[PDB]
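Asker: Below is one structure. I have some questions about it.
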Amino acid sequence: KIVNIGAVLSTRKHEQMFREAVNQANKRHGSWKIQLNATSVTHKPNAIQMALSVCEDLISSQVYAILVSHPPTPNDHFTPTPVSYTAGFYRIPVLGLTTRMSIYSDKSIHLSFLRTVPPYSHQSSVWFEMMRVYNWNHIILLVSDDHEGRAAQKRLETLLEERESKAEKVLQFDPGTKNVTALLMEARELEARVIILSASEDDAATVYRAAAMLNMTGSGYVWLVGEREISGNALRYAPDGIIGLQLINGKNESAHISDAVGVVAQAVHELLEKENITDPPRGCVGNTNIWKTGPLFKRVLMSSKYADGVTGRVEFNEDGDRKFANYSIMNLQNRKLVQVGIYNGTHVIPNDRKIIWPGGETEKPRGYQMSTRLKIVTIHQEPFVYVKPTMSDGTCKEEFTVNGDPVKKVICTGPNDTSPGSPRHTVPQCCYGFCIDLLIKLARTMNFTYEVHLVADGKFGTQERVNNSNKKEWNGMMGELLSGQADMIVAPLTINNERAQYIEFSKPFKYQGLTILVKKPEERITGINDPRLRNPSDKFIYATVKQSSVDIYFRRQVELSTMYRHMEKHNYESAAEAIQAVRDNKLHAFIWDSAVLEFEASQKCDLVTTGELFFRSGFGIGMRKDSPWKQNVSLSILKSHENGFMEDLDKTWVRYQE
Amino acid sequence: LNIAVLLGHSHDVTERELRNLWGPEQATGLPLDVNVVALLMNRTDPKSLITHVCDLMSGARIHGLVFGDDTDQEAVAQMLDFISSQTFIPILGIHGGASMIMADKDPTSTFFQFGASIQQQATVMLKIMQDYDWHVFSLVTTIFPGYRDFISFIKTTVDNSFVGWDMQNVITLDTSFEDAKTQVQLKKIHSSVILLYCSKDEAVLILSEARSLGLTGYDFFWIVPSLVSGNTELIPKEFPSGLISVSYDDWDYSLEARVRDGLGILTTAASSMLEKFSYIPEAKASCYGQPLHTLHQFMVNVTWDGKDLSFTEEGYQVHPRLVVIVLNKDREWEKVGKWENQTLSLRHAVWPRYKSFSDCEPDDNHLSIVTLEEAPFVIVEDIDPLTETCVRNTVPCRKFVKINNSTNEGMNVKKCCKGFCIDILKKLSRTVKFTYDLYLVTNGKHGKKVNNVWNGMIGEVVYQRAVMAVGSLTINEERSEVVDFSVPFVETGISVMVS
């Protein structure tokens, strides 16, 4: 007829308040014959013998609830873990009250741990409420604590599942280092300014000093931190105008103890109304039998619904967290904490105080500034991308064409040869041609600067297994684009269904098919329907560029596996290698686009194309995902389609013959 | 150095074989003072854990702790992880609750387990699903913890595999099922392979609802992990006979061989760390009272007697020993297959039916089909080494290739097939919508009677080891006497080839 409650509490005044709450718990519950005893223990500066003393004292006491209520501990470990593990050996609920670590959220590790405080990842949902208010989509994540970093990434993907957007940059590294400013500058070069930080006080002060020295706290830079990042020297190193969070009664222990007493008391009076009552045995000596109503009492604690307390509607979810939590939103106005918002369990309301930002006006700074210098990457296409070495030092010889058109070149940067050939030789040379004039037309239509560089290899990019952990990766232009080093691929991109699933496409500027390059008895082949090419031999030598989209289009064709097995022994690096090889009469056929070989037939009369025209497709501009550089650029491309500028580009290279 | 091996066991495992585990072991002894302390504990409370750690850590500064467990308590490994975090001593978990898989370790703790995590087990199970072309499947996740990591690992594995998995959406749970809202999500299921991640007491109700909703058919599959499959003795009658499980519990390797391998890893780490730094033995003196050179990130490179016993970044083994088991008709967890370094071995490459999961299941829909290797009809090629998967138009089959003429033992090598009759059989499977059992004959050619004994496909069909012969076969009088041919479809006579 007795119920024992164990507690690890230090101060005698709060012990007296705890005993007073135990005494007042039996007030409104009638004259029932249940009794409530409480046993509180102090704290030795160690942790092993503390765990020993507490575990054998609570075995000898046979308690039902175990409480740890020590915020101001000098050790920064904050580990009530061993007593919770010892109670989880017999499945006894330990109600943690102080820490908010995400390692306690794993119920597979902490089998019988409950708590009335949520982890900080729920604050990101509050920050998602910022996304419900300030209408901001692209974020920049920075988490140093990797024990909670996977849970923060999980919660972030759970929040972004609704809008189906993507985080622009995520970062995880070892806490303790200092040279993280390179990734800060890489995030600075991005369009967004939203900064989400999840670390301890030392790394927060380190990144505050790094933003202060590099002036990343100017206009438009969105800063959004929590309670751990506004304490200690991080509060001293914080810039003025930063927005932070505050836990209402997060450190106020006296009402929190009474709330915990009310929760435990109503849980015990709920459990007394049901059958199958079991008791914890004397597990110190000769008792390893588990307490059989562990998950039963846990299920009692799952449906615990309350209506008493100064905090309010305390309620457990499936994770045993805190529902309907009042939060405060603070601002740092001239090294002074100024309250600028309140938060109920679903909605943010700013108070009568104004919101003064570190940049300009008091309204929200739209920190989504698009890149005025679009990084352009391309492959060396032979009739389209002419690359010429410089004359004296980084210069371009301004030669004139035969039609009175001056060639407007650009200073591009490119490697010299392949990686076994050239170890490291990347020089700036002169790029011009077809798509360069297309980019000149785009820069004439819309005012934006650019940065033309070249892809490191001579491949488009295929979907290949990386050599560890069985993961798909891309390479080439797609590998340089998806890594964030490139912005817009201006190249004759072969449009297919696979790449449409991953990135968005624009309107095609080129429209052509496929053809066969031969040299001039049947000297022609007339397409794929030659039966000798269905079952080839060592005579008809035909191949294509290694890691090309033509090979992917043939890989989708499940009835031409013989050509896929035949052409893999003769794939070349570039198409010019195939031109030189068939120039020496070593090749016999080559599947390639139409107008390139038409221009090369206009250059060299021995180069002969075939008669058929299959795979009538289009080539456009390689693009990113949903972006404001899509609609206006596509309208500019269609404006180039409707006028005679396509005919002008034909007059430059296509219509011009010899 | 000084290593203590304490064992908590219920089975009569004596101590003197651990005393004999010191003499001939470590013949090339690079530490000059290697000593072992063998102890046996009868109780399984953490008070005895703290007591024996304070005894043996003060017991002439023992630097190695080895523990095995016989019970079903996963909190003992967490207690030993806390002990390894406090005392800074490398502690190894061998068997039972000492080898149960935990989620995330700490840099302050140097505790390690000899087991197989749920991520590598999910990799092995998806390797099984890839090797069977079971691409249309589902996923049911309960409120058992450690589940969002499982869903995310499945999502990344599907996004990083050459299959392109046809995955049905995840059936999620909130509480114990009301059979009102979970009923709608369970009635969305129409696929065969069903994956599940829960506890055993939840799985009893899940299988009871699945039998109540008829999800235990011959087409429908059920693959469960090792954490839900508990004791080998405690098997309730609600389990379907044919339940696929993957557990690293190998009965061929006893606990003594595993702790011998653990002592080999400990002495290997000590000998390799002594060659780099001098003052290697550094421990805590006693528990009462108020480290730089550690073995926490040192013994990733380890190999004992050729056994690839290397360690991961999370603290588990790189290449463990997984065991694929099923549930037979005799209600026993039947040992079936073992696992290699990275590739998977299959002792039973022929996938069994277990078509009668219960008593009242009248089902006769499978069809046994055999064919013969002919070039314009059945092109028989190897599996693609880049994908380890037969392409869309090719179908897998087996071939019992013998090793020699000395023994009759062989291997069922799986190969891909295409051609004319493969397309005919695929279009028959499109029209009739049945289930087929395709394999190859190893007796020889079409058919020839030698003293009332037929051979080849005639010997397979007439003696009723198969159902029908879809492949190419000539038709004459006695073949039409012994079986019933269908109508002819192709006009194939005989001819003579000349120049």
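Residues are referred to by chain and number: the chain letter is A, B, ... according to the order shown in the structure tokens, the number counts from 1 in that chain, and ligands are numbered separately from 1 in the order shown.
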Enumerate, in order of chain and increasing residue number, the residues of chain B with an atom no farther than 10 Å from chain A, each with its shortest atom pair and distance in Å to one decimal, counting only C-alpha atoms, as CSV.
Answerer:
```
residue,atom,partner,partner_atom,distance
B:42,CA,A:286,CA,9.0
B:43,CA,A:286,CA,6.6
B:44,CA,A:288,CA,6.2
B:45,CA,A:288,CA,6.3
B:46,CA,A:86,CA,7.1
B:47,CA,A:284,CA,6.4
B:48,CA,A:284,CA,8.2
B:50,CA,A:52,CA,7.4
B:51,CA,A:52,CA,9.2
B:54,CA,A:48,CA,9.9
B:71,CA,A:288,CA,9.7
B:73,CA,A:89,CA,7.1
B:74,CA,A:89,CA,8.3
B:75,CA,A:89,CA,5.8
B:76,CA,A:89,CA,7.7
B:78,CA,A:85,CA,7.2
B:79,CA,A:85,CA,6.8
B:82,CA,A:82,CA,7.2
B:83,CA,A:48,CA,8.1
B:86,CA,A:48,CA,7.3
B:87,CA,A:48,CA,9.2
B:101,CA,A:109,CA,9.8
B:102,CA,A:109,CA,6.7
B:103,CA,A:109,CA,7.0
B:104,CA,A:147,CA,7.7
B:105,CA,A:147,CA,8.9
B:106,CA,A:147,CA,8.5
B:123,CA,A:470,CA,9.7
B:143,CA,A:318,CA,7.8
B:144,CA,A:108,CA,7.9
B:145,CA,A:108,CA,5.3
B:146,CA,A:108,CA,6.3
B:147,CA,A:108,CA,9.7
B:148,CA,A:154,CA,7.9
B:149,CA,A:154,CA,8.5
B:152,CA,A:154,CA,8.7
B:156,CA,A:471,CA,8.1
B:157,CA,A:471,CA,7.5
B:158,CA,A:471,CA,9.5
B:159,CA,A:472,CA,7.2
B:160,CA,A:471,CA,4.4
B:161,CA,A:471,CA,7.0
B:162,CA,A:472,CA,8.5
B:174,CA,A:318,CA,7.3
B:175,CA,A:318,CA,8.0
B:287,CA,A:48,CA,7.5
B:288,CA,A:49,CA,7.6
B:289,CA,A:46,CA,7.9
B:290,CA,A:46,CA,6.2
B:386,CA,A:465,CA,9.2
B:387,CA,A:465,CA,9.7
B:391,CA,A:558,CA,7.9
B:392,CA,A:558,CA,7.4
B:393,CA,A:558,CA,7.0
B:394,CA,A:558,CA,9.5
```
Asker: Please identify all polymer residues within 10 Å of residue 523 in chain A, counting only C-alpha atoms, omitting same-chain residues fewer than 4 positions from it, and present them as a VMD selection string.
Answerer: chain A and resid 518 to 519 588 608 610
Asker: Need the shell around residue 214 in chain B: protein/DNA/RNA residues with any atom at most 12 Å away, counting only C-alpha atoms. Skip same-chain ones fewer than 3 positions apart. Format as a CSV table (one decimal) with N, CA, C and O atoms, in the first residue's frame?
Answerer:
```csv
chain,number,residue,atom,x,y,z
B,186,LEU,N,-3.2,-1.5,-44.7
B,186,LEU,CA,-2.9,-2.9,-44.9
B,186,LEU,C,-3.7,-3.4,-46.1
B,186,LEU,O,-3.2,-4.3,-46.8
B,187,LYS,N,-4.8,-2.8,-46.4
B,187,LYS,CA,-5.6,-3.2,-47.6
B,187,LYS,C,-5.0,-2.5,-48.9
B,187,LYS,O,-5.5,-2.8,-50.0
B,189,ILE,N,-2.0,-3.0,-49.6
B,189,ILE,CA,-0.9,-3.9,-50.0
B,189,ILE,C,-1.4,-5.0,-51.0
B,189,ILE,O,-2.4,-5.6,-50.7
B,190,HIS,N,-0.8,-5.1,-52.1
B,190,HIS,CA,-1.0,-6.1,-53.1
B,190,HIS,C,0.3,-6.7,-53.7
B,190,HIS,O,0.2,-7.5,-54.6
B,206,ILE,N,0.8,-8.5,-35.5
B,206,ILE,CA,0.9,-8.2,-37.0
B,206,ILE,C,0.6,-9.4,-37.8
B,206,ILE,O,-0.1,-9.4,-38.8
B,207,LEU,N,1.2,-10.6,-37.4
B,207,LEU,CA,1.0,-11.8,-38.2
B,207,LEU,C,-0.4,-12.3,-37.9
B,207,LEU,O,-1.0,-12.9,-38.8
B,208,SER,N,-1.0,-12.1,-36.8
B,208,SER,CA,-2.4,-12.4,-36.6
B,208,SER,C,-3.4,-11.6,-37.4
B,208,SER,O,-4.3,-12.1,-38.0
B,209,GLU,N,-3.1,-10.3,-37.6
B,209,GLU,CA,-3.9,-9.5,-38.5
B,209,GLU,C,-3.6,-9.8,-40.0
B,209,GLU,O,-4.5,-9.8,-40.8
B,210,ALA,N,-2.4,-10.3,-40.3
B,210,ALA,CA,-2.1,-10.6,-41.7
B,210,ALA,C,-2.7,-11.9,-42.0
B,210,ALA,O,-3.2,-12.1,-43.2
B,211,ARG,N,-2.8,-12.9,-41.1
B,211,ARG,CA,-3.6,-14.1,-41.3
B,211,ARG,C,-5.1,-13.8,-41.4
B,211,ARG,O,-5.8,-14.4,-42.1
B,217,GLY,N,-0.3,-15.6,-48.0
B,217,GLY,CA,-0.5,-16.5,-49.2
B,217,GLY,C,0.8,-17.1,-49.7
B,217,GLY,O,1.9,-16.8,-49.2
B,218,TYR,N,0.7,-17.9,-50.7
B,218,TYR,CA,1.9,-18.5,-51.3
B,218,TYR,C,2.7,-17.5,-52.1
B,218,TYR,O,4.0,-17.6,-52.1
B,219,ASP,N,2.1,-16.5,-52.7
B,219,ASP,CA,2.8,-15.5,-53.4
B,219,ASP,C,3.5,-14.5,-52.4
B,219,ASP,O,4.6,-14.0,-52.7
B,220,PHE,N,2.8,-14.2,-51.3
B,220,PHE,CA,3.3,-13.2,-50.4
B,220,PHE,C,4.5,-13.7,-49.5
B,220,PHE,O,4.5,-14.8,-49.0
B,240,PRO,N,4.5,-18.0,-39.8
B,240,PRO,CA,4.3,-18.7,-41.0
B,240,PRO,C,5.6,-19.5,-41.3
B,240,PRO,O,6.7,-19.1,-41.2
B,357,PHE,N,1.6,-22.9,-46.0
B,357,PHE,CA,1.9,-22.2,-44.7
B,357,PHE,C,1.1,-22.7,-43.6
B,357,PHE,O,1.5,-22.9,-42.5
B,358,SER,N,-0.2,-23.0,-43.8
B,358,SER,CA,-1.1,-23.5,-42.9
B,358,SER,C,-1.7,-24.9,-43.4
B,358,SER,O,-1.2,-25.3,-44.5
B,361,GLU,N,-4.7,-24.6,-47.0
B,361,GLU,CA,-4.3,-23.8,-48.1
B,361,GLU,C,-4.2,-24.6,-49.4
B,361,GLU,O,-3.1,-25.0,-49.8
```
Asker: Give the helix (DSSP H, G or I) residues of range 133-205 of chain B, as DSSP finds them on the backbone, and put them as a list in words.
Answerer: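 DSSP on the backbone gives helix (DSSP H, G or I) at residues 148, 149, 150, 151, 152, 153, 154, 155, 156, 157, 158, 159, 182, 183, 184, 185, 186, 200, 201, 202, 203, 204 and 205 of chain B.
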Asker: Write out as a list in words each polymer residue whose atoms come within 10 Å of range 640-656 of chain A, counting only C-alpha atoms; drop sequence neighbours fewer than 3 positions from it.
Answerer: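 Within the cut-off, the hits are residues 383, 384, 401, 402, 403, 405, 433, 434, 435, 437, 438, 441, 442, 445, 508, 509, 510, 595, 596, 598, 599, 602, 634, 635, 636 and 637 of chain A.
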Asker: I'd like the contact shell of residue 4 in chain B - 7 Å cut-off, only C-alpha atoms, skipping same-chain residues fewer than 3 positions apart - returned as a list in words.
Answerer: residues 36, 37, 38, 62, 64, 65 and 66 of chain B
Asker: I need the residue nearest residue 222 in chain B from this list: B:453, B:326, B:416, B:180. Use only C-alpha atoms for the distance.
Answerer: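 With only C-alpha atoms as the atom set, the closest residue is B:326.
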Asker: Using DSSP on the backbone coordinates, identify the residues of range 307-484 of chain B assigned to strand (DSSP E); present them as JSON, numbers by chain.
Answerer: {"B": [323, 324, 325, 326, 327, 333, 334, 335, 336, 337, 338, 366, 367, 368, 369, 370, 371, 378, 379, 380, 381, 395, 396, 397, 398, 399, 400, 401, 402, 410, 411, 412, 413, 414, 415, 416, 417, 418, 419, 435, 436, 437, 438, 439, 440, 468, 469]}
Asker: How would the residues just picked look written out with N, CA and C atoms as a short mmCIF file (atom, residue, chain, number, x, y, z; two decimals), in the first residue's frame?
Answerer:
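The result, written out as again.cif:
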```cif
data_model
loop_
_atom_site.label_atom_id
_atom_site.label_comp_id
_atom_site.auth_asym_id
_atom_site.auth_seq_id
_atom_site.Cartn_x
_atom_site.Cartn_y
_atom_site.Cartn_z
N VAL B 323 24.10 -15.35 -41.16
CA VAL B 323 23.48 -16.65 -41.41
C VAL B 323 22.04 -16.43 -41.82
N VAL B 324 21.69 -16.89 -43.02
CA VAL B 324 20.33 -16.79 -43.54
C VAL B 324 19.59 -18.08 -43.19
N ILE B 325 18.51 -17.96 -42.42
CA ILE B 325 17.70 -19.09 -41.98
C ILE B 325 16.26 -18.86 -42.42
N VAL B 326 15.52 -19.97 -42.52
CA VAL B 326 14.09 -19.95 -42.76
C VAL B 326 13.41 -20.79 -41.68
N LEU B 327 12.08 -20.86 -41.76
CA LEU B 327 11.28 -21.67 -40.86
C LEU B 327 10.68 -22.82 -41.66
N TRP B 333 13.88 -23.24 -36.87
CA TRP B 333 14.68 -22.28 -37.61
C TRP B 333 15.79 -23.00 -38.36
N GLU B 334 15.55 -23.36 -39.61
CA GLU B 334 16.46 -24.21 -40.36
C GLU B 334 17.61 -23.37 -40.93
N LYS B 335 18.84 -23.78 -40.62
CA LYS B 335 20.03 -23.11 -41.14
C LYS B 335 20.15 -23.37 -42.63
N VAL B 336 20.26 -22.30 -43.42
CA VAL B 336 20.25 -22.44 -44.88
C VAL B 336 21.56 -21.95 -45.48
N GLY B 337 21.86 -20.66 -45.32
CA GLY B 337 22.96 -20.05 -46.05
C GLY B 337 23.90 -19.28 -45.15
N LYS B 338 25.14 -19.14 -45.64
CA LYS B 338 26.17 -18.36 -44.98
C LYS B 338 26.62 -17.23 -45.89
N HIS B 366 1.84 -23.06 -59.20
CA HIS B 366 3.19 -23.06 -59.76
C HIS B 366 3.35 -24.13 -60.83
N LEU B 367 4.25 -23.87 -61.78
CA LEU B 367 4.49 -24.76 -62.91
C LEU B 367 5.99 -24.95 -63.09
N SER B 368 6.43 -26.21 -63.09
CA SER B 368 7.83 -26.55 -63.26
C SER B 368 8.16 -26.63 -64.75
N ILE B 369 9.13 -25.84 -65.20
CA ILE B 369 9.44 -25.68 -66.61
C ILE B 369 10.94 -25.90 -66.82
N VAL B 370 11.29 -26.78 -67.75
CA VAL B 370 12.68 -27.04 -68.10
C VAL B 370 12.83 -26.89 -69.61
N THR B 371 14.03 -26.51 -70.05
CA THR B 371 14.32 -26.33 -71.46
C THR B 371 15.73 -26.83 -71.75
N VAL B 378 17.13 -20.59 -77.13
CA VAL B 378 17.43 -20.26 -75.74
C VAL B 378 18.90 -19.85 -75.69
N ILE B 379 19.15 -18.55 -75.85
CA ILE B 379 20.49 -18.00 -75.67
C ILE B 379 20.80 -17.97 -74.18
N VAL B 380 21.79 -18.76 -73.77
CA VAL B 380 22.15 -18.92 -72.37
C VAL B 380 23.48 -18.21 -72.16
N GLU B 381 23.46 -17.11 -71.42
CA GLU B 381 24.66 -16.32 -71.18
C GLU B 381 24.88 -16.14 -69.68
N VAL B 395 15.83 -13.78 -68.44
CA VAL B 395 15.31 -14.35 -67.21
C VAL B 395 16.38 -15.23 -66.57
N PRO B 396 16.44 -15.30 -65.24
CA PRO B 396 17.43 -16.17 -64.60
C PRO B 396 17.02 -17.63 -64.63
N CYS B 397 18.03 -18.49 -64.56
CA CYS B 397 17.83 -19.93 -64.42
C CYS B 397 19.05 -20.50 -63.72
N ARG B 398 18.99 -21.79 -63.41
CA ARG B 398 20.07 -22.49 -62.74
C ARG B 398 20.63 -23.58 -63.64
N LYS B 399 21.85 -24.00 -63.33
CA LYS B 399 22.49 -25.11 -64.03
C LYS B 399 23.36 -25.85 -63.02
N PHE B 400 23.07 -27.14 -62.83
CA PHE B 400 23.81 -27.96 -61.88
C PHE B 400 25.08 -28.46 -62.55
N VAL B 401 26.17 -27.71 -62.37
CA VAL B 401 27.46 -28.04 -62.96
C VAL B 401 28.28 -28.78 -61.91
N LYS B 402 28.74 -29.98 -62.25
CA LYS B 402 29.53 -30.78 -61.32
C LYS B 402 30.97 -30.29 -61.31
N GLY B 410 27.83 -30.98 -57.06
CA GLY B 410 27.99 -29.86 -57.96
C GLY B 410 27.44 -28.57 -57.40
N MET B 411 27.35 -27.54 -58.24
CA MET B 411 26.83 -26.24 -57.84
C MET B 411 25.79 -25.78 -58.84
N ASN B 412 24.74 -25.13 -58.34
CA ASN B 412 23.67 -24.59 -59.18
C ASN B 412 24.05 -23.17 -59.56
N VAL B 413 24.81 -23.04 -60.64
CA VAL B 413 25.23 -21.73 -61.13
C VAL B 413 24.05 -21.05 -61.81
N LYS B 414 23.78 -19.81 -61.41
CA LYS B 414 22.66 -19.05 -61.96
C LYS B 414 23.13 -18.23 -63.15
N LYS B 415 22.41 -18.34 -64.26
CA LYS B 415 22.75 -17.68 -65.51
C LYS B 415 21.51 -16.99 -66.08
N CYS B 416 21.72 -16.16 -67.10
CA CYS B 416 20.64 -15.43 -67.74
C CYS B 416 20.31 -16.09 -69.08
N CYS B 417 19.06 -15.92 -69.51
CA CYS B 417 18.61 -16.51 -70.77
C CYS B 417 17.70 -15.55 -71.52
N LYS B 418 17.82 -15.58 -72.84
CA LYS B 418 16.95 -14.82 -73.73
C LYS B 418 16.69 -15.68 -74.97
N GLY B 419 16.07 -15.08 -75.99
CA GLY B 419 15.90 -15.75 -77.27
C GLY B 419 14.44 -15.87 -77.65
N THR B 435 2.50 -18.48 -62.32
CA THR B 435 3.85 -18.47 -61.78
C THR B 435 4.62 -19.67 -62.32
N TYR B 436 5.84 -19.42 -62.78
CA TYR B 436 6.64 -20.43 -63.45
C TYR B 436 7.88 -20.76 -62.62
N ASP B 437 8.43 -21.95 -62.87
CA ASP B 437 9.64 -22.43 -62.21
C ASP B 437 10.60 -22.88 -63.32
N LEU B 438 11.45 -21.97 -63.77
CA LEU B 438 12.33 -22.23 -64.91
C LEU B 438 13.70 -22.70 -64.43
N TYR B 439 14.18 -23.80 -65.03
CA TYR B 439 15.51 -24.31 -64.76
C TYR B 439 15.99 -25.08 -65.99
N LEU B 440 17.20 -25.62 -65.89
CA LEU B 440 17.83 -26.35 -66.99
C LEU B 440 18.01 -27.81 -66.60
N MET B 468 5.87 -29.29 -67.86
CA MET B 468 5.78 -29.20 -69.30
C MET B 468 7.12 -28.78 -69.88
N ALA B 469 7.30 -29.06 -71.17
CA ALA B 469 8.51 -28.72 -71.90
C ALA B 469 8.17 -27.60 -72.87
#
```
Asker: I'd like the contact shell of range 255-257 of chain B - 12 Å cut-off, only C-alpha atoms, skipping same-chain residues fewer than 4 positions apart - returned as a PyMOL selection string.
Answerer: chain B and resi 5+7-9+11+13-21+25+66-70+93-96+99+114+249-251+261-264
Asker: Output C-alpha atoms for every residue in the selection just made, as a PDB file, in the first residue's frame.
Answerer:
```pdb
ATOM      1  CA  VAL B   5      37.759 -12.618 -19.415  1.00  0.00           C
ATOM      2  CA  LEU B   7      31.695 -14.884 -18.536  1.00  0.00           C
ATOM      3  CA  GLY B   8      28.093 -14.901 -17.368  1.00  0.00           C
ATOM      4  CA  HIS B   9      26.613 -18.202 -18.523  1.00  0.00           C
ATOM      5  CA  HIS B  11      25.070 -23.518 -19.680  1.00  0.00           C
ATOM      6  CA  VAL B  13      30.849 -23.794 -19.688  1.00  0.00           C
ATOM      7  CA  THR B  14      33.866 -24.499 -17.484  1.00  0.00           C
ATOM      8  CA  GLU B  15      36.858 -22.239 -16.821  1.00  0.00           C
ATOM      9  CA  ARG B  16      39.925 -24.454 -17.351  1.00  0.00           C
ATOM     10  CA  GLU B  17      39.678 -24.328 -21.156  1.00  0.00           C
ATOM     11  CA  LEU B  18      40.250 -20.586 -20.777  1.00  0.00           C
ATOM     12  CA  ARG B  19      43.310 -21.414 -18.664  1.00  0.00           C
ATOM     13  CA  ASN B  20      44.464 -23.597 -21.562  1.00  0.00           C
ATOM     14  CA  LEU B  21      43.740 -20.670 -23.920  1.00  0.00           C
ATOM     15  CA  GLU B  25      48.072 -19.126 -28.113  1.00  0.00           C
ATOM     16  CA  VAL B  66      36.094  -9.625 -22.375  1.00  0.00           C
ATOM     17  CA  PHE B  67      32.463 -10.404 -21.541  1.00  0.00           C
ATOM     18  CA  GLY B  68      29.852 -12.753 -22.942  1.00  0.00           C
ATOM     19  CA  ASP B  69      26.186 -12.933 -21.981  1.00  0.00           C
ATOM     20  CA  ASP B  70      23.577 -15.694 -21.991  1.00  0.00           C
ATOM     21  CA  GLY B  93      31.233  -8.010 -26.116  1.00  0.00           C
ATOM     22  CA  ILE B  94      31.012 -11.624 -27.268  1.00  0.00           C
ATOM     23  CA  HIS B  95      27.627 -13.331 -27.056  1.00  0.00           C
ATOM     24  CA  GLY B  96      24.012 -12.666 -26.152  1.00  0.00           C
ATOM     25  CA  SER B  99      26.637  -8.691 -28.541  1.00  0.00           C
ATOM     26  CA  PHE B 114      31.526  -8.931 -32.217  1.00  0.00           C
ATOM     27  CA  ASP B 249      24.153 -16.753 -34.616  1.00  0.00           C
ATOM     28  CA  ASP B 250      26.514 -19.410 -35.996  1.00  0.00           C
ATOM     29  CA  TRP B 251      26.452 -22.708 -34.092  1.00  0.00           C
ATOM     30  CA  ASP B 261      39.797 -14.438 -31.857  1.00  0.00           C
ATOM     31  CA  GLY B 262      39.096 -11.526 -29.512  1.00  0.00           C
ATOM     32  CA  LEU B 263      42.281 -12.256 -27.562  1.00  0.00           C
ATOM     33  CA  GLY B 264      44.104 -12.422 -30.892  1.00  0.00           C
TER      34      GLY B 264
END
```
Asker: Which residue, A:459, A:500, A:628, A:493, has the smallest gap to residue 545 in chain A when you use only C-alpha atoms?
Answerer: A:459
Asker: When you count only C-alpha atoms, which of these residues is closest to residue 310 in chain B: B:322, B:184, B:269, B:350?
Answerer: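 Smallest distance to residue 310 in chain B is found for B:269.
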Asker: So how far away is CA of residue 503 in chain A from CA of residue 379 in chain A, in Å?
Answerer: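 A separation of 18.6 Å between them.
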